[PDB]
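As structure tokens, the structure follows; a few thoughts come after it.
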Number of protein chains: 2
Amino acid sequence: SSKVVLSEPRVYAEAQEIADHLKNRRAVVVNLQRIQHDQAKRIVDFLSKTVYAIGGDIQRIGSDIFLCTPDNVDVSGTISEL
Amino acid sequence: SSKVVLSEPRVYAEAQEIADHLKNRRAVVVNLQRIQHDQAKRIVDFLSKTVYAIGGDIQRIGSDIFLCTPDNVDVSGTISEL
């Protein structure tokens with residue numbers, strides 16, 4: 001009844017395919033561990049633009065890992081930074 | 001139409017409240033960064049028992065972070081270890 005996609009981009013264009021899942025109403029977990037730190041910030045800025053346009057959300061859930069959601073997925077609870 | 005709960009347990013009993021969300025058909029992201037390493041393994045064993053009993057799944061999505069799902073949530077894609 002709902003889908004979660006796991007993503008571990010190795011190039012920027014792979015992180016750009018994440019937008020498609022979100023447009024098809026799927027939550028995506030994105031692990032940026034393979035991306036250099038400055039490029040990872042750029043990916044997060046790109047995904048932030050993407051989820052905002054569609055009424056979604058994006059949030060960091062751990063070191064180098066983000067949860068991106070479309071508007072049909074509600075996120076609750078809190079994970080604080082270390 | 002679907003819910004994801006974020007959880008950052010500081011004691012073992014908090015990780016035990018995760019079972020309730022799963023029984024109520026909610027995916028849970030669990031960040032174990034506040035738990036010592038041996039106790040974190042114990043929590044994962046506990047949650048593994050819990051999701052198995054209800055037809056759910058559990059999988060590591062990053063360092064100290066796990067995605068626990070009930071049977072109504074389908075997980076796709078792959079995140080490899082570093």
Side-chain angles (χ1 to χ4, degrees), chain A residues 1-9 14-33 35 40-82, chain B residues 1-11 13-35 40 43-44 46-47 50-51 54-79:
Chain A
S1 64
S2 74
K3 294 187 179 196
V4 183
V5 183
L6 305 188
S7 168
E8 183 188 9
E14 283 189 310
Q16 291 180 303
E17 310 170 6
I18 285 162
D20 295 334
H21 294 300
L22 296 163
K23 280 136 87 297
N24 290 293
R25 310 205 162 281
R26 301 187 282 272
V28 189
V29 175
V30 194
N31 190 315
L32 294 177
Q33 70 189 4
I35 309 294
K41 287 257 296 294
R42 287 189 62 245
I43 285 176
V44 170
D45 184 70
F46 175 80
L47 292 174
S48 294
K49 252 91 166 188
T50 297
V51 305
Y52 183 75
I54 66 183
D57 214 350
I58 179 172
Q59 63 206 95
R60 187 165 154 172
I61 54 177
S63 55
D64 297 338
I65 172 180
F66 292 77
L67 172 65
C68 307
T69 48
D71 61 10
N72 55 284
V73 175
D74 183 32
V75 181
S76 54
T78 293
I79 293 165
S80 70
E81 196 192 3
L82 235 209
Chain B
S1 64
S2 74
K3 294 187 179 196
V4 183
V5 183
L6 305 188
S7 168
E8 183 188 9
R10 291 161 193 268
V11 294
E14 283 189 310
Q16 291 180 303
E17 310 170 6
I18 285 162
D20 295 334
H21 294 300
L22 296 163
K23 280 136 87 297
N24 290 293
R25 310 205 162 281
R26 301 187 282 272
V28 189
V29 175
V30 194
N31 190 315
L32 294 177
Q33 70 189 4
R34 305 296 179 155
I35 309 294
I43 285 176
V44 170
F46 175 80
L47 292 174
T50 297
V51 305
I54 66 183
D57 214 350
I58 179 172
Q59 63 206 95
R60 187 165 154 172
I61 54 177
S63 55
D64 297 338
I65 172 180
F66 292 77
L67 172 65
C68 307
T69 48
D71 61 10
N72 55 284
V73 175
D74 183 32
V75 181
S76 54
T78 293
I79 293 165

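To find a chain, count down the sequence lines: A is the first, B the second, and so on, and within it residues start at 1. What you see below is based on every heavy atom in this structure, not just the backbone, and it leaves out hydrogens, waters and symmetry mates.
- Paired with B/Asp71 under the rule salt bridge (charged side-chain N to carboxylate O under 4.0 Å, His left out), one option of B/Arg26, B/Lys23, B/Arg25 passes, and it is B/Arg25.
- From A/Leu22, atom CG reaches atom OG1 of A/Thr50 across 7.5 Å, with rounding to the nearest 0.5 Å.
- A donor-acceptor pair is defined here as one N or O able to donate and one able to accept, closer than 3.5 Å; no such pair exists between the side chain of A/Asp45 and the backbone of A/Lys41.
- For the pair B/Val29 and B/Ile65, the minimum side-chain heavy-atom distance is below 4.5 Å.
- Rounding to the nearest 0.5 Å gives a distance of 10.0 Å between NE2 of A/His21 and CG of A/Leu6.
- Here the side chains of A/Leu47 and A/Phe66 are not in contact, with every heavy-atom distance at 4.5 Å or above.
- When all heavy atoms of A/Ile35 and A/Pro9 are compared, the pair lying nearest together is CD1-O, 3.3 Å.
- Taken from CG in B/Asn31 to CG in A/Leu82, the straight-line distance is 8.0 Å, to the nearest 0.5 Å.
- Inter-residue side-chain proximity for B/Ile18 and B/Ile43 is flagged as unmet; no heavy-atom pair is nearer than 4.5 Å.
- Atom CZ of B/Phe46 sits in a crowded spot, with more than 12 heavy atoms from other residues, nucleotides or ligands closer than 6.0 Å.
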Can you give me every donor-acceptor pair (side chain of residues 55-64 of chain A, partner residue at least two apart or in another chain, under 3.5 Å) with its distance?
| residue | atom | partner | partner atom | Å |
| --- | --- | --- | --- | --- |
| A/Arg60 | NE | A/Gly62 | O | 3.4 |

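- Across all non-hydrogen atoms, the minimal contact from B/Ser7 to B/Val28 is CB-CG1, 3.9 Å.
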Under 3.5 Å, side-chain donor or acceptor atoms of residues 73-81 of chain A against the rest of the protein: list the pairs with distances, not counting sequence neighbours.
| residue | atom | partner | partner atom | Å |
| --- | --- | --- | --- | --- |
| A/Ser80 | OG | B/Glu8 | OE1 | 2.9 |
| A/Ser80 | OG | B/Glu8 | OE2 | 3.2 |
| A/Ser80 | OG | B/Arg10 | NH2 | 3.4 |
| A/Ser80 | OG | B/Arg34 | NH2 | 3.1 |

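- Separating the CG atom in A/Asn72 from the CG atom in A/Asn24 is a distance of 10.5 Å, to the nearest 0.5 Å.
- Residues B/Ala40 and B/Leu32 share a closest heavy-atom pair of O-CD1, 3.8 Å.
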